[PDB]
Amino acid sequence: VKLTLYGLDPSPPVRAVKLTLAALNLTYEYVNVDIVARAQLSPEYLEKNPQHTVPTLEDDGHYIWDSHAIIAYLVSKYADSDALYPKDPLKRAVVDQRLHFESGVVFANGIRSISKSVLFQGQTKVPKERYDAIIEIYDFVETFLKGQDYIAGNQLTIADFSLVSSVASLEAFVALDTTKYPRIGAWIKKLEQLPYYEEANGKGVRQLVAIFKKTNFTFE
């Protein structure tokens, strides 16, 4: 009755929120918004989110948007501790960096870049820098995982949620050589062990990979 989440399961940033919600044991209502139908462009949605993105969170009449902002909000307001978003400045700085990296280098530049050409402008072949963008994403994330079980240190954080949500979706554009990237493979698999992963993230990953596999789209 308090929290309502807007979005759809193929969206990576929507799946970052689903995970965090599940992780905090917060009951919530889920309202679909059909992006394909352009439901986000309606002035009722606009009212909730001038930026017309998903996810949006409504809490008790307040609207919060941007998956990174939403999940930071959720932890800071509703967690029992700061385990998922530690308040120690150095630890926090690593988490914040990984979040901001997801927003820019991973999401806007790697996913949405491609998603707009294919899914919204029918475009059928894609420039090779779109390909190279992903490879560089894998390389960075492989490097970020050196010496540690989780993406921002030695404990699970919202940064794991944000980056797994999109990095796992990258399979849709370029499969993951797990022998070139054994740390990304282990990390994904360790998170797949979470009891809520399959519903929050797993199914929407596979859905997104199949939405793209159907476009038959090509690089270069």
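Residue indices: 1-based, along the sequence shown.
Mean C-alpha B-factor is higher over 119-127 than over the other stretch, the pair under comparison being 119-127 and 106-114. Stretch comparison (64-72 versus 28-36) by mean CA B-factor in the PDB entry places 28-36 on top. The PDB entry assigns the greatest CA B-factor among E44, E192, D160, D59 to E44. The entry assigns its greatest Cα B factor, within the set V164, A172, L156, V54, to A172. In this PDB entry, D80 carries a Cα temperature factor that places it within the highest third of its chain's modelled residues. Per the PDB record, residue ranking by Cα B-factor puts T143 in the middle third of the chain.
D96: CA B factor in the lowest third of modelled residues in this chain (values from the PDB entry).
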